[PDB]
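A single chain, nothing else alongside it, follows as structure tokens in the form deposited in one PDB entry.
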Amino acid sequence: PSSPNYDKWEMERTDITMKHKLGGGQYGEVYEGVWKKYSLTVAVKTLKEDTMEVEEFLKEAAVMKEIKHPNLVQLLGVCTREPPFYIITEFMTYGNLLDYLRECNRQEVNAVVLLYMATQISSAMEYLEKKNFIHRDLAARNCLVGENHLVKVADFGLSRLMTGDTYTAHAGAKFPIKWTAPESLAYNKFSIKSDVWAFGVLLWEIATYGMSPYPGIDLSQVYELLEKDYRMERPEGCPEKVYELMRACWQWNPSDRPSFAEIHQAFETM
């Protein structure tokens, strides 16, 4: 603290022991680490080369210092002095939520756990809304599961890392089409209300244990279908009030969609 200039986030590289990369590789340069002096497992995001990709890294770190919520990824410290630069967060032990849902025992991860996981996310988004932060890529793949069904919303920059049809072209721009609000597809602008759309698809994800949205529909077909008022059907075993919440998040006009504050209230009140 005595230091005049000072940064409470900056700390010692040699405190962290870096293990192998996470999620094999399809989540980018994010590593398992141990912060030995605390016996804490961590997730470390590094930056190689001299590069001027450096600007983004420092944006990310500056965003994360602002964000403080039990259901949002939490910055534990950084290393910016010398290469590689490090962003350090707590390791969520069960990995991403999509795979967690797909690979889980449904008796242990039963319907109340699903609804508890959904309430955690809605609460995270309530906080972000209050902060006026637009997430832009909300999806199970960007949520993380920790101990005892703790869920945290993150953003792994997955549009530049995932191969396949998750991120695709629509009218000459790139989108995770299945999570994308119609006005975002058509006008390439985003809002908290477009995150609300994403939230409704994420709900459907949770409710189906990680099925790919719009089954039976060709991707080139979703905009036209949404415009004709097609929406996904209620998943098997999904609570009536949860499906109604989905259908509200998927109102054509952004102004008819609930706020996240309202979405959380629906969870409290259901």
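Numbering starts at 1 and runs along the sequence shown. Just so we're on the same page, rigid core means the largest C-alpha set that superposes within 1.5 Å between forms.
There is another form of this protein, the form deposited with a partner chain bound, and it is not shown here; the text below is about that form.
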- Query: If you check in the bound PDB entry, do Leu114, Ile192 and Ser259 all have a non-hydrogen atom within 4.5 Å of the partner chain?
  - Reply: no
- Note which of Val78, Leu101, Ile177, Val73 lies within 4.5 Å of the partner chain in the bound PDB entry, where distance is taken over heavy atoms; exactly one does. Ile177
- Query: Would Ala186 show up as a contact with the partner chain in the bound PDB entry if we use heavy atoms at 4.5 Å?
  - Reply: yes
- Message: If we define contact as a non-hydrogen atom of the residue within 4.5 angstroms of the partner, is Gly172 a contact of the partner chain in the bound PDB entry?
- Response: yes
- Item | Contact test in the bound PDB entry: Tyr223 vs the partner chain, heavy atoms, 4.5 Å | yes
- Query: Heavy atom to heavy atom, is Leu219 within 4.5 Å of the partner chain in the bound PDB entry?
  - Reply: yes
- Note on the structure: Of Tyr214, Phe57, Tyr243, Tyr209, the residue whose C-alpha shifts by 2 Å or more between this form and the one not shown, after superposition on the rigid core, is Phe57
- Examine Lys193 after superposing the rigid core and state whether its CA is displaced by 2 Å or more between this form and the one not shown. no
- Message: Using a rigid core superposition, assess whether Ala171 undergoes a CA shift of 2 Å or more between this form and the one not shown.
- Response: yes
- Message: Taking 2 Å as the cut-off, check whether the CA of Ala139 shifts that much or more between this form and the one not shown after a rigid core fit.
- Response: no
- Task: Just say closer or farther for the C-alpha distance from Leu72 to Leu158 in the bound PDB entry, relative to the shown form; it changes by 3 Å or more.
- Result: closer
- Message: Assuming the CA distance changes by 3 angstroms or more, are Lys130 and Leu158 closer together or farther apart in the bound PDB entry compared with the shown structure?
- Response: closer
